[PDB]
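Each remark here refers to the structure printed beneath this line.
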Amino acid sequence: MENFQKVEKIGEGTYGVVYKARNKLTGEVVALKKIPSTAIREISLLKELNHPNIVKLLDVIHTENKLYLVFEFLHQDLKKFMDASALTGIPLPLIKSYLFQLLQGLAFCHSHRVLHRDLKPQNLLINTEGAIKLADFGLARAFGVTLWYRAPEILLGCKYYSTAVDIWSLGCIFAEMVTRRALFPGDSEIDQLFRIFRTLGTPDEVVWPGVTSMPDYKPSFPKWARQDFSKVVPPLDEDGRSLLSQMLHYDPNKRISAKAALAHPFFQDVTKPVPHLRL
Ligand SMILES: Cc1nc(N)sc1-c1ccnc(Nc2ccc(N(C)C)cc2)n1
Numbered sequence: 001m002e003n004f005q006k007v008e009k010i011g012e013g014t015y016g017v018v019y020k021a022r023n024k025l026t027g028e029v030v031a032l033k034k035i045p046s047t048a049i050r051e052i053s054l055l056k057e058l059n060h061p062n063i064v065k066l067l068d069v070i071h072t073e074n075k076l077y078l079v080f081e082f083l084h085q086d087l088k089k090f091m092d093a094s095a096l097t098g099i100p101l102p103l104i105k106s107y108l109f110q111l112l113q114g115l116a117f118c119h120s121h122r123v124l125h126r127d128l129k130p131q132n133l134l135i136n137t138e139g140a141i142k143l144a145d146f147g148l149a150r151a152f153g164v165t166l167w168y169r170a171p172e173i174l175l176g177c178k179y180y181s182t183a184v185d186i187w188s189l190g191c192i193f194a195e196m197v198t199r200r201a202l203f204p205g206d207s208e209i210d211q212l213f214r215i216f217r218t219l220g221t222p223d224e225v226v227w228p229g230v231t232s233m234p235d236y237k238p239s240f241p242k243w244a245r246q247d248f249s250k251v252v253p254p255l256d257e258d259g260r261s262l263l264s265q266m267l268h269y270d271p272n273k274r275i276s277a278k279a280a281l282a283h284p285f286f287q288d289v290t291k292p293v294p295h296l297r298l
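In PDB author numbering, the protein residues as written are 1 to 35, 45 to 153, 164 to 298.
Here is the structure:
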């Protein structure tokens, strides 16, 4: 760590503090994250998981029995950009470009059986050229709190969840870019679950076979009727609403994959616009 000079704190999460820092030897500006042998091996395999829509994990430093993750630095997160664009809204062609790129990132990681498990606007990073990238893929499994983007199977206590949890989180982020408001802003596990039920309907064996046998399912859950997406994400067009509905299916087996989402008609006219970034 004597080779790195901290510039400023850019994040604080479950694992640890994230700093913007300068590599004293190369002159490189990086994102430095300060955090078991199985963890060293799993993180070292993530170093080889390279894609245009994944934040590059440059180095894993295991010195003085402490762990540091050195990432490439991007100039802003999606959270700051959504807050900066709250008065006008992010242009729909830019929303579409970012969703398309994040699905490409997900399709790549998922093909390598790597899950994110905690997607949120704070770990989606953007640059001046129009790219968007996912950060912290595979760190949840390797090392073994906002609930707004949590898939219903995680909230109902499924221990062996799938890549579908990331499609759910990304659907929630898509809705939030379009409407400029969090889709399900729960402040407790039960509030999160009941916010999902109040919008999409209380799940049952018809729409989600096996739901009533899930570890934290209670027959005493209130029964709420489902709402129309036209009410949930106005002014999104029918292609966008259809794709969103498939990303938010209750049954993880019915939920669209990232690979299938890339073929959705909503992306017929996708482009790569330039964002207006204030750095
Ligand atoms: C790996 C990682 N984890 C996080 N919590 S931010 C992060 C990361 C990785 C690469 N670039 C960046 N840039 C960045 C720049 C500015 C901010 N302001 C808070 C807007 C945040 C992140 N963060």
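Where is the CB? At the ideal position from N, CA and C, for every residue including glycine.
DSSP puts residue i in a beta bridge; with which residues?
i	result
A31	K20 and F80
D86	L134
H71	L76
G11	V18
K65	In the DSSP output, where bridge partners are listed per residue, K65 has none listed.
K142	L134
Cα-Cα, which of the options is closest to residue i?
i	options	result
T221	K250, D185 and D270	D270
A140	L174, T182 and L103	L103
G13	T137, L148 and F203	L148
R50	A194, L76, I99 and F285	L76
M1	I10, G11 and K24	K24
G229	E81, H60 and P171	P171
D68	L296, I52, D127 and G190	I52
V30	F146, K178 and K9	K9
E81	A95, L115 and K56	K56
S120	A277, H295, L101 and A282	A277
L175	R297, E73, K89 and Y236	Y236
DSSP state of residue i, grouped into three classes?
i	result
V251	helix
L134	strand
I99	coil
residue 42	Coordinates for residue 42 are simply not present: the residues of the chain run from 35 and resume at 45.
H295	coil
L189	helix
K278	helix
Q5	strand
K105	helix
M233	coil
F240	coil
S120	helix
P45	coil
residue 155	Position 153 is followed directly by 164 in the chain, which means residue 155 is not present among the coordinates.
Taking 9 angstroms as the cut-off, decide whether the C-beta atoms of residue i and residue j are in contact.
i	j	result
residue 343	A183	Lying before the first or after the last residue shown, residue 343 is absent from the chain, which here runs from 1 to 298.
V79	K33	yes
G205	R199	no
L83	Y107	no
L166	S232	no
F152	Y15	yes
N62	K142	yes
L202	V251	yes
Below 8 angstroms, is the gap between the Cβ of residue i and the nearest heavy atom of ligand 2?
i	result
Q110	Absence of ligand 2 from the depicted structure is noted, with ligand 1 being the only ligands included.
Those runs of the alpha helix (DSSP H) which lie wholly inside the stretch 164-208 and span at least 4 residues
171-174 and 183-198
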